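Structure 1 and structure 2, given next as structure tokens, are two forms of the same protein chain, each shown alone.
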Structure 1
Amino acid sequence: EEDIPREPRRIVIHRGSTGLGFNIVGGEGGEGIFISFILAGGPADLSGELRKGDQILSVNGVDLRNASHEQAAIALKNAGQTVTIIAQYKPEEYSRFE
């Protein structure tokens, strides 16, 4: 994680037979949408850029900063084959909630 920056970053993922290759938690109370799980060999893993503890801020221009979990899952499912994710790495906040 030496190369993950503090600020939001852009990551392009291509959907496959196991979706985008990650699952999400949060979207409630003080907790935004966080990646909780990255599937080995799936797209997010292959890319090598996303991490457990990333907050998802936007998906293809759909703002998820204040989305509920279901709003985020719908946005992710409907974002098409090529998906641009704006993510911000917040491992301490992730651990606080999860």
Structure 2
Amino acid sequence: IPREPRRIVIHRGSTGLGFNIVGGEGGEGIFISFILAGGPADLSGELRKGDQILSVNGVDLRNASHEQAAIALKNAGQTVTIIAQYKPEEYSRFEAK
């Protein structure tokens, strides 16, 4: 699985973007914690649980809190560009064992 940043385009559905995010306050990162099967984000493996969302459209989320990121993902439009980077090592600290 590539570890360099990846560009994914999502088309918002009648339920949102099809994934959940985990994070916290500013700086802990925004990570994909769940991807809905058949949802807008289920794109033949292009997005992965454990991806860090580096940005959404023009909005940098590397340093955003969870509350900021949630707001940005909802105001992102019907066509959404996600820059994702696989970092399961960093993500693992958010996921209960």
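Whichever C-alpha set is largest while still superposing within 1.5 Å between the two forms counts as the rigid core. Only residues modelled in both forms are compared. Start at 1 and count along the sequence of structure 1; that gives the residue numbers used here.
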* Asked: Which of these moves by 2 angstroms or more at the C-alpha between the two structures, core superposed: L46, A73, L57, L39?
  -> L46
* Asked: Core superposed, what is the CA shift for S17 between the two structures, in angstrom?
  -> 1.2
* With both forms put on the same core, how far apart in Å are the CA positions of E28 between the two structures? -> 3.1
* Would you please work out which stretches of at least three consecutive shared residues show Cα displacements of 2 Å or more throughout between the two structures, after fitting on the rigid core? => 27-31, 46-48, 96-98
